[PDB]
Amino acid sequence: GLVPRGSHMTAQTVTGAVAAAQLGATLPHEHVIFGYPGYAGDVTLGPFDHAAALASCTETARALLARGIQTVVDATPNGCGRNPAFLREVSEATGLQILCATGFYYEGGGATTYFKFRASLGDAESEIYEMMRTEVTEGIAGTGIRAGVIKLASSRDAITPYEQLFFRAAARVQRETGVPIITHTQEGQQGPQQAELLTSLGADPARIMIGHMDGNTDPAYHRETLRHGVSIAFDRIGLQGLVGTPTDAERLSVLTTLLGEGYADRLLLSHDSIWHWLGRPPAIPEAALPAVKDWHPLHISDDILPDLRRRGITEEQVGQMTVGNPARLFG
């Protein structure tokens, strides 16, 4: 198959390097804690309850370990609450391995004023490249905790000039270190584009995972993204009917077709779940209850995998998506 080619480090979780073989079954895109940019501005009424958060998260972590999931990739952008030290707390308490990211969110949902501004004053791309490179080879906020992946995100209608500063910095870093890249696609679009862009910028397709691909239901769109030899991820499984987002029945339709055409080695599955919100706890409006009912990290282990298997998917296919793939991609 296609093996990563070029410089390579070692999967750097928030508690240290780990050999690819030790990653085990993995959820490639989740969020232990998250907060939309501005949550910090609601600190007075939406303060972080460390004790409550640490207890809640370790609880969830132990439930994953109970299901054989040994590793989780936390994809929280630098502006969206990323807290390595805490993540490390959760990891050290449970034994769950967690990698964290480096990067900012798409123009519309990230804390974009800062670099959008620096961009007008100078070489922001280079500045972003330096931050990424440092966070992936030395550590974050000087804690010694390195990022295990670079997270990129784009908007619906295009990968904006601001978002591209980040794709270029990432490519530089991916080329230089071999670190993996996971991405966020907005409302099921730009998947092929990020693939064309990253590969054209020289980033290794074998270390690239185009995210939120379940956000699109036309399998032609997936087949086109996969042409670039990158991995794609149905990573919001469980979130049904919010922000474009299709139903799982729909996601599984596509998946069984792609699996049916031999794409097992390029497909990963996650929830993009949030275990503990930062800011004021979200007020889930009555009509939205069903949309998020299966939007938790135990959904794939308990509902999805059994559903694929009983449909014809093999134990080997499930094993390739949940263990094989994360192994080669982050390992």
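A residue's number is simply how far along the shown sequence it sits, counting from 1.
Higher average CA B factor: 241-249, of the stretches 216-224 and 241-249. The stretch with the higher mean CA B factor, choosing between 138-146 and 175-183, is 138-146. Looking only at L267, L27, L45, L278, the residue with the top Cα B factor in the deposited structure is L278.
Based on the entry's C-alpha B-factors, the most elevated value among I284, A63, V32, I300 belongs to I284.
In the PDB entry, a CA B factor belonging to the highest third of its chain's modelled residues is recorded for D157.
Per the PDB record, residue ranking by Cα B-factor puts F117 in the highest third of the chain. In this PDB entry, the Cα temperature factor of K293 sits in the top third of its chain's modelled residues, the highest group.
When all modelled residues of the chain are sorted by CA temperature factor, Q70 is found within the middle third. Per-chain ranking of the deposited C-alpha B factor places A93 in the highest third.
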